[PDB]
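Worksheet for the structure shown next.
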Amino acid sequence: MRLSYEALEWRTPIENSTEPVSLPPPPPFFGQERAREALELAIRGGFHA
Amino acid sequence: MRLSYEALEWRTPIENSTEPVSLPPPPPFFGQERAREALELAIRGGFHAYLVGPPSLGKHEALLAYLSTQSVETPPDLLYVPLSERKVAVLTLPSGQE
Amino acid sequence: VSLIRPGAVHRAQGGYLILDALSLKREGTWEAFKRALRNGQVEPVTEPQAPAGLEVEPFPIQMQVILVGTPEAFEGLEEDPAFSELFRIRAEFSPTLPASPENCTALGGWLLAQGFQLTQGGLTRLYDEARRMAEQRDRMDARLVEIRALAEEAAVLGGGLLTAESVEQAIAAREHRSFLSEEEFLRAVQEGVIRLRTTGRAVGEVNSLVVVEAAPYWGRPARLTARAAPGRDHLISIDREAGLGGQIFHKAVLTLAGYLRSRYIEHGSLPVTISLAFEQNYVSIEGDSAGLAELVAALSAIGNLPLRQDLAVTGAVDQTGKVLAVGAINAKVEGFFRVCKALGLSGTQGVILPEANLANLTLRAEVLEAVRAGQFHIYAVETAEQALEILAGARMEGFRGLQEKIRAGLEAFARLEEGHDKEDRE
Amino acid sequence: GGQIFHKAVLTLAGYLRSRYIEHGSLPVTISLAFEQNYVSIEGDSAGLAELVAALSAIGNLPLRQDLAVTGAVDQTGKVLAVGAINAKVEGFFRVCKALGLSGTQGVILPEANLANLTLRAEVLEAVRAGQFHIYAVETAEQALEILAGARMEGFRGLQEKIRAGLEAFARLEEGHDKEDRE
Amino acid sequence: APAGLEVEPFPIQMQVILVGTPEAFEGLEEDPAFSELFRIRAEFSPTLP
């Protein structure tokens, strides 16, 4: 099938590229819940991770 | 054949998971009668033994625990005594005399 | 004289000296220690830059050396005959203990001596996980320190008390912390990057089960395609011919070739060329566990039998046509269950595995619950004919049977080849 | 030839052997060559390209040179996903733009790589303008239909042409045998 | 040095957290003493959703 431009347009659209952003810092290991949970377990247990 | 759940249920059933247990410590090399008998033979005969087995079996600690319960005759007191300012020899004394 | 610092042979005089043979071999001290034991005497080591040192009498060796180490460190050390001359008593540790209530009680007592707070359910779960690690229903893993490590992790998650829930949480966390590779594989399967079908029927396609050798505990399906073409008696293993073939894995392919050659004899050499491919694998296949899957795929390709894609197939098979036991059966069954659950359980997915692995089926809680609910099936077979019957959903015997269809397909391929020869001549 | 690349060729051989059975062993010898390459080929991404080239050579089907072909294919005949799809698509777009876009150049790639198509801005603009096409296929038959510009089904179809070419080659071989005997 | 000091070994009251690419760890975890000491594995997903 011939893919249309809409089916190939992957970029998230921009509407105001001149507006500065002000966002709070993300938590450490954001998007890495596996590593964060493993480190939490290692910290509670005093294990070597 | 289509295995039923009963034929696949391998876990030993639990009935009271909130009841604390109080069990006596097992003998050293429990379930390892071969190694225990070999070590017994090595101890009686004064032979040099060697423990073999897959890593993480707890061989090093069970060995120390088993040897601690053993009782060898009082070893003679061995000490270095200088026969001169340049020559030092080994002296063997009855235990508790050094 | 007062500057002589005592060593191990001095502190262990009249008793026992426990040494690690890996350490003795690693630091080159083995030869010096071997000479000391044979001499029965040794002197404390003196720095060679000293002018003359003391005329120190060699210290007598009145101890019993007990070298402890993995077998590899000892077959790497006993090749020297002086070792077997000096260390003659071999205390060998069985890697597994017989799973019995007495050994469960012994494990509980050992853990209590280690300082844990056990409950009956927690001890039972730990004992079951020991049997899990032993991969046998009637044997528990003797690796007590591994059980102690799991107990420590359960204590941390259980607040110091080893309840059944705490041990289950510890095991789940252990699985999850090393689940990244399986998570990526499941994501790829769902995205369609790795095309796997767990529903419907396909001809010559079967969901073989492999074990990721990068971490030899995660099993995952790898669909296997067999294509039958008339001509040479060759059974082409596309995987092996293109490298990607274990030394044992080559034996499985030859064994299947022999079984197919000897089983179907109504012509001369088997008139079909079967190409077997672990497709989208891109990695070495080492075991012979594919034997049953390859055999059923080849038989379906020969007979144009649409195999059920619901069922994964694992198990080695000899040229007699009988399914033999395989290792890591739990890993493969649970991996196929993971893939089926990710794509959505349909109530008919399952795994075909040898009867010889019944004692090795220590499945996870979720797999057992699915089996009990009827959302997952486990089929135990002893001959490849049984596995093909389960897959294609028909019996070998009788008219319109699977064996008759296979024979008809073989006749068709032989007719194609002989017609090629006939129009070759005329 | 990569260790994996060997598997792609054997998979194509198996697909061709099992798919076209009106004679005995497939009566054709297909020689596949990456001309002017002079360097090792490691992936199996060439599987679809090799398959369609072999099918065209068998059936004397003139494939469109406008379209590049990427994608692995199994012996079932179904196109499988490949890695670095963006790099290949954009490289072919670069080559087409260097030689001048004609409004029909494009790339045939597996449907399994739809989630992996994060193309550059220029390629997306060309696709939107109609100067570049992206074809997503799931079976090698679809790729051959797109390349040769005809359907396999029906009379004068691609499948019929492939069968006719196979018959011609088989006739050449059996004639060689026939005058060899007499 | 002639004899040094009779220094008592310093206790280890810390938690070691070894950080590295997987290659450096499958090149390091082949020794069973590693998995005995470092048991908690905090693994980082190479991609976030």
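Residue numbers (my numbering), protein chains in the order written: chain R, 236 to 284; chain H, 221 to 318; chain W, 200 to 625; chain Y, 5 to 186; chain S, -13 to 35. Positions of the beta carbon are idealized from the N, C-alpha and C atoms, including for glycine.
Check, Outcome
"Check whether W:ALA372 and W:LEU356 have beta carbons under 8 Å apart", "yes"
"Closest by C-alpha distance to W:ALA555, when choosing among W:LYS521, W:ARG571, W:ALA441, W:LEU587", "W:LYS521"
"Every unbroken beta strand (DSSP E) within the stretch 445 to 510 of chain W, with a cutoff of 3 residues, ordered by chain", "471 to 477, 505 to 507"
"Sequence-distant residues of the same chain with beta carbon closer than 7 Å to H:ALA269, five excluded per side", "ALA258, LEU259, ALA262"
"Reduced DSSP category for Y:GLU177 - H, G, I as helix; E, B as strand; rest coil", "helix"
"Local conformation of S:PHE11 per DSSP, three classes", "helix"
"For Y:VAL56, the nearest candidate out of Y:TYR19, Y:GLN40, Y:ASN90 (CA to CA)", "Y:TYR19"
"Distance between Y:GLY51 and Y:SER44 (C-alpha atoms, nearest Å)", "15 Å"
"Within 7 Å of chain H by C-beta, residues of the stretch 559 to 588 of chain W in sequence order", "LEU560, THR561, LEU562, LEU567, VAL570, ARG571, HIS576, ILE577, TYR578, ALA579"
"Presumed contact (8 Å Cβ cut-off) between W:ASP438 and W:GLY444, rounded CB distance", "6 Å"
"Residue 186 of chain R at chain W interface by Cβ criterion, 8 Å", "Outside the shown range of chain R (236 to 284) lies residue 186 of chain R, about which nothing can therefore be said."
"Which residues DSSP lists as bridging Y:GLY110, in chain order", "Y:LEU71, Y:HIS137"
"Close Cβ partners of residue 650 of chain W (< 6 Å) along its chain, the five nearest in sequence each way excluded", "The structure shown does not extend to residue 650 of chain W, since chain W spans only 200 to 625, so no value can be given for it."
"Length of the line joining the Cα atoms of W:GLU390 and Y:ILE166", "34 Å"
"Burial state of Y:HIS180, where buried means 16 or more other Cβ atoms lie within 10 Å", "exposed"
"Three-state secondary structure assigned by DSSP to W:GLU291", "strand"
"Bridge-paired residues (DSSP) for W:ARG426", "W:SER474"
"Extent of the continuous beta strand (DSSP E) run through W:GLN368", "Element bounds for W:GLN368: not the beta strand (DSSP E) but the alpha helix (DSSP H), 363 to 376."
"Segment contact, 8 Å Cβ cut-off, at least three pairs: the stretch 340 to 350 of chain W with the stretch 284 to 297 of chain W", "yes"
"Neighbour-count burial assignment, Y:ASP184, 16 or more Cβ in a 10 Å radius", "exposed"
"CB contact check: H:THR289 to chain W, cutoff 8 Å", "no"
"Cutoff 8 Å: H:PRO314 Cβ touching any chain W Cβ", "no"
"Extent of the continuous beta strand (DSSP E) to which W:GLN261 belongs", "Element bounds for W:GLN261: n/a, residue is neither H nor E."
"Bounding residues of the beta strand (DSSP E) (the contiguous stretch that carries W:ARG400)", "400 to 402"
"Short CB-CB distance (under 8 Å) between W:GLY391 and chain Y", "yes"
"Where W:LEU296 sits in the DSSP three-state scheme", "strand"
"Proximity to S:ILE26 [Cα-Cα], best of W:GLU485, W:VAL550, W:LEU349", "W:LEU349"
"Under the three-state DSSP convention, the category W:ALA586 falls into", "helix"
"Proximal residues to H:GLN290 (C-beta, below 8 Å), its chain only, five neighbours per side dropped", "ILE263"
"W:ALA456 vs W:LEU434 beta-carbon contact at 8 Å", "yes"
"Residues of its chain near W:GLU581, where Cβ-Cβ distance is below 8 Å and the 5 sequence neighbours each way are ignored", "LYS521, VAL522, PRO553, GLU554, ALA555"
"Local Cβ density within 10 Å of W:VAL410, reported as buried at 16 or more and exposed below that", "buried"
"Integer Cβ distance of R:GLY280 from W:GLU374, believed to fall under 8 Å", "In fact, because the Cβ distance is near 17 Å, the residues do not count as touching under 8 Å."
"For W:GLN518 and W:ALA583, the rounded distance between their alpha carbons", "10 Å"
"For W:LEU560 and H:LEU228, believed in contact at Cβ under 8 Å, the rounded distance", "6 Å"
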